[PDB]
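The residues making up each chain are set out below.
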Amino acid sequence: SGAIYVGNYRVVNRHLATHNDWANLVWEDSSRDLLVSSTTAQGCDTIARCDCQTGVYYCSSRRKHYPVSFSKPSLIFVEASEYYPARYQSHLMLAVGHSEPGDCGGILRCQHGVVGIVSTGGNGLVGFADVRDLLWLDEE
Ligand SMILES: C[C@@H](Cc1cocn1)NC(=O)c1nn(C)c2ccccc12
Ligand SMILES: [Zn+2]
């Protein structure tokens, strides 16, 4: 589990969105595994605006933050899970790192701020849904 709290937005994995998220919906995209809802309180996270390929992510199944090198956001075929059939996921970045299904929502960050959240994984890989292109998260 986990979310990004920037401005009056909450960014979560679409597959982990709650009824309150759907009832306060700002934007969602199944191909990216992302959903954004509105919040009453202002958040403290800031979004990175860059093309870094090194950063650190939080792994709840180890209670640890790990440094990683990761690929650029791309269209990748992801195997089936209980939340989606096997399909192409867009804006996804891969790295070598430990992960388990409940690690989704952990933040990946670089020197500039938050880069994205854990979305996919297995066999020593972890995949992150990028948010750096969502410029509107910084205003309104
Ligand atoms: C919960 C789904 C969401 C999903 C996105 O694309 C399709 N399904 N993801 C997973 O199944 C999953 N995520 N991580 C971090 C893993 C690590 C090891 C094994 C499985 C996974
Ligand atoms: Zn950066």
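Residues numbered from 1 in each chain as written, not as in the entry; some residues may be left out. Chains lettered and ligands numbered in written order. Heavy atoms only, no water.

- In the PDB archive, X-ray crystallography is given as the structure determination method for this entry, at a resolution of 1.160 Å.

So, the pairing of strand β4 (residues 54-59)
Then comes step 1: Here β4 shows one buried face, formed by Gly 55, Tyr 57 and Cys 59, and one open face, formed by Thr 54, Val 56 and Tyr 58.
Then comes step 2: With 6 bridges joining them, β4 and strand β5 (residues 64-69) adopt antiparallel strand pairing. Across the sheet, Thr 54 pairs through a bridge with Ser 69, a residue of β5.
Then comes step 3: Hairpin connection from β4 to β5: 4 residues lie between these consecutive antiparallel strands, with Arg 63 at a positive phi of about 50°.
Then comes step 4: In this structure, β4 lies alongside strand β8 (residues 107-110), joined through 2 bridges in antiparallel fashion. Bridged to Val 56 within β8 is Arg 109. (Buried < 20%, exposed > 50% of the residue type's maximum accessible area, 1.4 Å probe, protein only. Helix = DSSP H or I, 4+ residues; strand = E, 2+ residues; numbered from the N terminus. Pairing = 2+ DSSP bridges.)

Examining the side chain of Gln 89
Then comes step 1: Tracing the backbone through its elements, the reader meets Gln 89 in strand β7 (residues 87-96).
Then comes step 2: In this structure the side chain of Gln 89 is engaged in a polar contact, spanning 3.0 Å, whose partner is the side chain of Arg 87.
Then comes step 3: For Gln 89, the contacting residues outside a window of four places in its chain are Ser 31, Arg 32, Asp 33, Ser 74, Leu 75, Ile 76, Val 78, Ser 119 and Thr 120. (Polar contact = N/O pair within 3.5 Å; in protein donor to acceptor, adjacent residues only side chain to side chain. Contact = heavy atoms within 4.5 Å.)

Let's talk about the state of the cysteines
Then comes step 1: Enumeration according to the criterion identifies 0 disulfides in this entry.
Then comes step 2: Looking at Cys 44, it has no disulfide partner, and the nearest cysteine sulfur is the one in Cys 110, 18 Å off.
Then comes step 3: Taking the relative accessible area as the measure of exposure, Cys 44 reaches 77% and is therefore exposed. (Disulfide = S-S within 2.5 Å.)

Overview of a nonpolar patch on the surface
Then comes step 1: On the surface, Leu 75, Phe 77 and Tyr 88 cluster together to form a nonpolar patch covering roughly 350 Å² of accessible area.
Then comes step 2: Considering the arrangement of structural elements, one finds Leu 75 in strand β6 (residues 74-78).
Then comes step 3: For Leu 75, a relative accessible area of 59% puts it in the exposed group. (Patch = residues over 30% accessible without salt bridge, like charges linked within 9 Å, V, L, I, M, F, W, Y side chains within 5 Å. Areas by Shrake-Rupley, 256 points an atom, 1.4 Å probe, with all protein chains shown as cover. Salt bridge = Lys/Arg side-chain N within 4 Å of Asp/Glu carboxyl O.)

Some words on the sheet that holds β7
Then comes step 1: Within the open sheet, the 7 strands sit side by side as β5-β4-β8-β9-β10-β7-β6. Their pairing is antiparallel. Here the strands that pair on one side only, and so sit at the sheet edges, are β5 and β6. Direction aside, neighbouring strands of the sheet carry axes that sit 50° apart on average.
Then comes step 2: Pairing analysis gives 6 bridges linking strand β9 (residues 113-122) to strand β10 (residues 125-130), with the strands arranged antiparallel. Residue pairing in the sheet places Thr 120 in a bridge with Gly 127 of β10. (Axes fitted to C-alpha atoms, helices over the stretch in contact; angles between N-to-C directions.)

Section: the coordination of the zinc ion (ligand 2)
Then comes step 1: The protein atoms donating to the zinc ion (ligand 2) are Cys 50 (SG), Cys 52 (SG), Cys 110 (SG) and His 112 (ND1), with metal-donor distances spanning 2.1 to 2.3 Å.
Then comes step 2: Seen from the zinc ion (ligand 2), its 4 donor atoms lie at angles of 103 to 116°, and the figure they make is tetrahedral.
Then comes step 3: Between consecutive donors of the zinc ion (ligand 2), the numbers of intervening residues give the motif C-x1-C-x57-C-x1-H. Of the two residues, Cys 52 is situated in the loop between β3 (34-44) and β4 and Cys 110 in strand β8; the sequence distance between them amounts to 58 residues.
Then comes step 4: Of the residues examined, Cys 110 reaches a relative accessible area of 12% and is grouped as buried. (Donors = N, O, S within 2.8 Å, 3.2 Å for Na, K, Ca; no water. Tetrahedral: all angles 85-135°; square planar, octahedral: opposite > 155°, others 65-115°.)

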